[PDB]
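As a starting point, one isolated chain is supplied in structure tokens, in the form deposited without the ligand.
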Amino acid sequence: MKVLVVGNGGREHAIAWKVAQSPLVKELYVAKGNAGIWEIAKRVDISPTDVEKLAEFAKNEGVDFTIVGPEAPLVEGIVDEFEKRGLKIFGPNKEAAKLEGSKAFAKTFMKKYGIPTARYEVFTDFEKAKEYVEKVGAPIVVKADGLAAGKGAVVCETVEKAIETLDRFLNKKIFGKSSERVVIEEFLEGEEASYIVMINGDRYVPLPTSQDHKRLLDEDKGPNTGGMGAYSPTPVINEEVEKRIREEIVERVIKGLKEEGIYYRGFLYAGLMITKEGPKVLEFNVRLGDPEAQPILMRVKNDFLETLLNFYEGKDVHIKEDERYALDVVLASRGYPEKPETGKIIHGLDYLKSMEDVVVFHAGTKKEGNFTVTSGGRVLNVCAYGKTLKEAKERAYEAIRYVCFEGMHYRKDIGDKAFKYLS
């Protein structure tokens, strides 16, 4: 068949990489892609968020199946549009999208339905927010309601930082139509980790477990980014903790969707905090995370295309998780996250293509002639397998020594939190 991935980023490289592996696909299109994806997939030069021109293109072209990468297409109703046009597409519809696409919706779900989450008041007047920060204190945490391109949640150490944040969101509306409603939750402590499932109505298959590293620098310092690296499986989520997420989060999220008559066909990624008091939802995402998809997807041993197709229509599916660990180290350009400098030649990619058990997932890459150059803030994911995490981490830094672009920055400590739980 003819499969299409929507998105341009390292997640979507992962999606098409794993998919190109299935003997079922005969042509692979990506809607826009990056220099990395173009080695495998026809580039379609239509924006991911250009949802009606996407659908018509996929309709004329005869695209037999399509998977969505990023949140914004999902949310703007891509799924709705595909269906108009008789199209098989994996991802939530626009109505189901609201679990990410409006935070205070999901926060009302979660409490209307018993899912462990962080104490919340939702505010649309700037003045009524104001004294609730000084009423319950510092901690606190302040979040835009809509897509702010990940750029929307603000952990505040002081009340002043919190009000300053609320000011930019609610008064200045930096974020537009999506900052004019806030969320103020308690700051939770513990290890964060991610749980990911595919949901199709009332069935759900889990996905490899995974931990992201959001901060820029080594020892969890610097600005907070979209993720600088991930690894799978994370030992943060036990047996006992897993057993808990499934019961207390996913299956409640499952009754809730029944009780609202909201039909969910897609990925659901809980971003969690494992507190001492149990696993809690910090947020819901309606797609794979980036860079978490990358190692999750390395660890999917069976034909993911076929599992998608099959899950897609009510059929019955499993995941063989690979027994090797998978670690993905993110290469950023100078200036990331606030203003990334771009245009830099990338050298030594061809050395990584003969290195055992290394996998490169392009982020921000485009072509300038016969050069591969940076296009963006996050550029490369140099990933690897290991019999242990130690090995996965070592093989990913070994690989990195061969590759390079001016300005390149990466964290050296990806996986490091897993080593206390391991032996």
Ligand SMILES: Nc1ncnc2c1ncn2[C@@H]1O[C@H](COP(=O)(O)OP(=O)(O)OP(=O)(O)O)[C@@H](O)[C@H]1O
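The first residue of the shown sequence is 1; numbering continues from there.
- 372 to 380 and 385 to 393 differ in mean CA B-factor, and the higher of the two is recorded for 385 to 393.
- Looking at 103 to 111 and 300 to 308 together, the entry lists the larger mean B-factor for 103 to 111, computed on C-alpha atoms.
- Comparing C-alpha B-factors across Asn93, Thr234, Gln294, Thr165 in the deposited entry, the largest value falls on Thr165.
- When the Cα B-factors of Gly278, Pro208, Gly266, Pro223 are read from the PDB record, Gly278 comes out highest.
- In the PDB entry, a CA B factor belonging to the middle third of its chain's modelled residues is recorded for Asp50.
- Sort the chain's modelled residues by C-alpha temperature factor and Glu240 lands in the highest third, per the entry.
- For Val154, the recorded CA B-factor ranks within the highest third of the chain. Only modelled residues enter the ranking.
- When the modelled residues of the chain are ordered by their C-alpha B factor, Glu219 lands in the middle third.
- Compared with the other modelled residues of the chain, the Cα B-factor recorded for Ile78 ranks in the middle third.
The discussion below concerns the form solved in complex with the ligand, not included here.
- Remark: of stretches 200 to 208, 135 to 143, 81 to 89, 311 to 319, the one touching the ligand in the entry with it bound is 135 to 143 (heavy atom within 4.5 Å).
- Among heavy atoms of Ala153, some come within 4.5 Å of the ligand in the entry with it bound.
- Contact check for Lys98: every heavy atom lies farther than 4.5 Å from the ligand in the entry with it bound.
- Using a 4.5 Å cutoff between non-hydrogen atoms, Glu185 counts as a contact of the ligand in the entry with it bound.
- The closest non-hydrogen atom of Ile262 lies beyond 4.5 Å of the ligand in the entry with it bound.
- The contact with the ligand in the entry with it bound, taken as any heavy atom within 4.5 Å, belongs to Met273 out of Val250, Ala72, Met273, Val241.
- The partner is absent here, but in the entry with it bound a heavy atom of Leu282, alone among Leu282, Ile345, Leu349, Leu217, sits within 4.5 Å of the ligand.
- Contact annotation for the candidate site: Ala20, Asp64 and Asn302 all lie away from the ligand in the entry with it bound (no heavy atom within 4.5 Å).
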